[PDB]
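Enquirer: What follows is a single structure, and I will ask about it in a moment.
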Amino acid sequence: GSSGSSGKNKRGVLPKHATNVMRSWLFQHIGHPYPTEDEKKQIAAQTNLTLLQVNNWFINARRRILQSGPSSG
């Protein structure tokens, strides 16, 4: 029974190595930032993160780029 969602580290930070992989991917699919069941599996390894992490990071990331675009600041 995989678990992780429960509880959210009030403060968390990932290494540049992890942000690198995810970043590259996000940019490659900037239009549609949606990781595939596989991407989450493969990436998790390259970044050494858990399916949960890779997801959380993306969810938060996509949000940043999502808002920062259509809105004329």
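Each chain in the structure tokens gets a letter, A, B and so on, in the order shown; residues start at 1 in every chain, and ligands are counted from 1 in the order they appear.
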Taking the chain letters and numbering used in this document, name the residues of chain A that DSSP puts in alpha helix (DSSP H), as a tab-separated table (two decimals) with N, CA and C atoms, in the first residue's frame.

Expert:
```
chain	number	residue	atom	x	y	z
A	16	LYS	N	19.23	20.63	-7.66
A	16	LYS	CA	19.26	21.12	-9.03
A	16	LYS	C	19.15	19.97	-10.03
A	17	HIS	N	19.77	18.84	-9.69
A	17	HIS	CA	19.74	17.67	-10.55
A	17	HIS	C	18.30	17.23	-10.83
A	18	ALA	N	17.47	17.26	-9.79
A	18	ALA	CA	16.07	16.87	-9.93
A	18	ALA	C	15.29	17.90	-10.73
A	19	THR	N	15.47	19.17	-10.39
A	19	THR	CA	14.78	20.25	-11.09
A	19	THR	C	15.20	20.32	-12.55
A	20	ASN	N	16.40	19.84	-12.84
A	20	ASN	CA	16.92	19.85	-14.20
A	20	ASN	C	16.06	18.98	-15.12
A	21	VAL	N	15.98	17.69	-14.80
A	21	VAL	CA	15.20	16.75	-15.59
A	21	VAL	C	13.77	17.25	-15.77
A	22	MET	N	13.07	17.45	-14.66
A	22	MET	CA	11.69	17.93	-14.71
A	22	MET	C	11.58	19.18	-15.58
A	23	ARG	N	12.44	20.16	-15.32
A	23	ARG	CA	12.43	21.40	-16.08
A	23	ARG	C	12.47	21.12	-17.58
A	24	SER	N	13.53	20.46	-18.03
A	24	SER	CA	13.68	20.13	-19.44
A	24	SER	C	12.38	19.57	-20.01
A	25	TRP	N	11.82	18.58	-19.33
A	25	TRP	CA	10.58	17.96	-19.78
A	25	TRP	C	9.47	18.99	-19.89
A	26	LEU	N	9.20	19.69	-18.80
A	26	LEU	CA	8.16	20.71	-18.78
A	26	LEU	C	8.27	21.64	-19.99
A	27	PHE	N	9.48	22.12	-20.24
A	27	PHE	CA	9.73	23.02	-21.36
A	27	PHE	C	9.39	22.33	-22.69
A	28	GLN	N	9.80	21.07	-22.81
A	28	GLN	CA	9.54	20.30	-24.02
A	28	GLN	C	8.04	20.20	-24.30
A	37	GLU	N	2.27	8.25	-17.31
A	37	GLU	CA	2.51	7.19	-16.34
A	37	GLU	C	3.97	6.75	-16.36
A	38	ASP	N	4.55	6.72	-17.55
A	38	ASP	CA	5.95	6.31	-17.71
A	38	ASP	C	6.89	7.42	-17.24
A	39	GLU	N	6.70	8.62	-17.78
A	39	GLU	CA	7.53	9.76	-17.42
A	39	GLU	C	7.76	9.81	-15.92
A	40	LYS	N	6.68	9.65	-15.16
A	40	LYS	CA	6.76	9.68	-13.70
A	40	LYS	C	7.64	8.56	-13.18
A	41	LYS	N	7.62	7.42	-13.87
A	41	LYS	CA	8.42	6.27	-13.47
A	41	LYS	C	9.89	6.48	-13.83
A	42	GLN	N	10.14	6.80	-15.10
A	42	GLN	CA	11.50	7.03	-15.57
A	42	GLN	C	12.14	8.21	-14.85
A	43	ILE	N	11.48	9.37	-14.94
A	43	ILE	CA	11.98	10.58	-14.29
A	43	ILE	C	12.35	10.31	-12.84
A	51	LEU	N	7.20	8.90	-7.21
A	51	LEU	CA	6.06	9.25	-8.05
A	51	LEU	C	5.32	10.45	-7.47
A	52	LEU	N	5.26	10.53	-6.15
A	52	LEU	CA	4.57	11.63	-5.48
A	52	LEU	C	5.31	12.95	-5.70
A	53	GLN	N	6.61	12.94	-5.44
A	53	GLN	CA	7.43	14.14	-5.61
A	53	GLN	C	7.33	14.66	-7.04
A	54	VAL	N	7.75	13.84	-8.00
A	54	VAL	CA	7.70	14.23	-9.40
A	54	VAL	C	6.37	14.88	-9.75
A	55	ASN	N	5.29	14.37	-9.17
A	55	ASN	CA	3.96	14.91	-9.41
A	55	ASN	C	3.79	16.27	-8.75
A	56	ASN	N	3.99	16.31	-7.44
A	56	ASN	CA	3.86	17.56	-6.69
A	56	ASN	C	4.63	18.68	-7.36
A	57	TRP	N	5.91	18.44	-7.61
A	57	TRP	CA	6.77	19.44	-8.25
A	57	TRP	C	6.12	19.97	-9.53
A	58	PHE	N	5.67	19.06	-10.38
A	58	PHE	CA	5.03	19.43	-11.64
A	58	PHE	C	3.77	20.25	-11.38
A	59	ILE	N	2.85	19.69	-10.60
A	59	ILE	CA	1.60	20.36	-10.28
A	59	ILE	C	1.85	21.82	-9.90
A	60	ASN	N	2.82	22.04	-9.02
A	60	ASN	CA	3.16	23.39	-8.58
A	60	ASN	C	3.82	24.19	-9.70
A	61	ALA	N	4.73	23.54	-10.42
A	61	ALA	CA	5.43	24.19	-11.53
A	61	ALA	C	4.44	24.66	-12.60
A	62	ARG	N	3.76	23.70	-13.22
A	62	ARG	CA	2.79	24.01	-14.26
A	62	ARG	C	1.92	25.20	-13.86
A	63	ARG	N	1.60	25.28	-12.58
A	63	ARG	CA	0.77	26.37	-12.06
A	63	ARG	C	1.45	27.72	-12.27
A	64	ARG	N	2.75	27.77	-11.97
A	64	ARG	CA	3.52	28.99	-12.12
A	64	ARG	C	3.51	29.47	-13.57
A	65	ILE	N	3.88	28.59	-14.49
A	65	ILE	CA	3.92	28.92	-15.90
A	65	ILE	C	2.51	29.15	-16.45
A	66	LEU	N	1.55	28.41	-15.91
A	66	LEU	CA	0.16	28.53	-16.33
A	66	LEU	C	-0.36	29.94	-16.10
A	67	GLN	N	-0.22	30.43	-14.87
A	67	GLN	CA	-0.67	31.77	-14.52
A	67	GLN	C	0.16	32.83	-15.24
```

Enquirer: Quick one: distance from CA of residue 8 in chain A to CA of residue 68 in chain A in Å, one decimal?

Expert: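 Computing the Euclidean distance for CA of residue 8 in chain A and CA of residue 68 in chain A yields 24.8 Å.
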
Enquirer: Could you work out how far CA of residue 9 in chain A lies from CA of residue 49 in chain A, giving the answer in Å with one decimal?

Expert: 14.9 Å

Enquirer: Record the distance separating CA of residue 14 in chain A and CA of residue 48 in chain A, expressed in Å with one decimal.

Expert: 10.3 Å
